[PDB]
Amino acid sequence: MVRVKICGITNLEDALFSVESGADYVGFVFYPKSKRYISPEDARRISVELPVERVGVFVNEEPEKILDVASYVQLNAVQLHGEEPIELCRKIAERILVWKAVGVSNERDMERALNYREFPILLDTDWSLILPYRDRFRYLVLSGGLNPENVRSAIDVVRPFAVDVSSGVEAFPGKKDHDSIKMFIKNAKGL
C-alpha cells in the first residue's frame, strides 16, 4: 500500500483532478524563489475545496509565519524543507503535523536524518543507500526526479509509506499534465 503526494499545485483544476485520480496529499509550495510559488490567499481558495490532506511546503521560514499561514490556508500538514533545528520542529509539531525533508546524496545524510526520526521523513534524493536504514523511519516519503516511468522501480526497492512528485507530471512549471498525473498514480499504486 503506497500513498501519492502531488506537490506544486497552483490551480484548482489541477488540485481537484489530482483528487479524482487518487492522490492522497496535495502540496502547496510557499517558497518565494520557487517557480511553483503560491500565495496564502491563492492557496486558501484551493485548499478549502479539498477533501484530502493538504500540505504546505516551507523552506527556512520562521515558525510564527508557518503557523499563521497554516491556520489561514487551513493546512493539515507542513513539510519543513530547510535546515530547521530539532527544537524548532517540535514547537511546530505541538500545533500541527510536520514532515521533515532532508537532502540525500550519500551516507552521512542518512545519519543526519535519524536525528529527526521522530517526525515523518521525506527524503529528497539513488534509492540504493536508503536500504540499511529503511526500518528506522516512522513514515518515510520518497521524492526526487520521479515520474510515471520510474516509480515502480523506486517503490519496489524502498517500499516507502508515500511517494512525492512535482515536475514529473508537468506540462510546464506550475501547470500539471492531467494525463501524467493519471499515469503516475496508476503505476505507483499498481492498478
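In case it trips you up, residue 1 is the first one in the sequence shown, and so on.
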inquiry  = Can you tell me how many deposited residues have no coordinates between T125 and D126? The categories are none, 1 to 3, 4 to 9, and 10 or more.
reply    = 10 or more
query = Averaged over C-alpha atoms, is the B-factor higher for 156-164 or for 129-137 in this PDB entry?
reply = 129-137
query = Which is higher in the entry, the mean Cα B factor of 39-47 or that of 58-66?
reply = 58-66
ask   = Among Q79, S71, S105, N76, where is the Cα temperature factor highest, going by the PDB entry?
value = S105
request  = Select lowest, middle or highest to describe the third in which the CA B-factor of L191 falls within its chain in this entry.
outcome  = highest
request  = Could you tell me which third, lowest, middle or highest, the C-alpha B-factor of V2 occupies within its chain?
outcome  = middle
query = So where's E170 on the chain's Cα temperature factor ranking, which third?
reply = middle
ask   = Mind checking which third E20 falls in for C-alpha B-factor across the chain?
value = lowest
task = Using the B-factor values recorded in the entry, state whether the Cα atom of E13 falls in the lowest, middle or highest third among the modelled residues of its chain.
result = middle
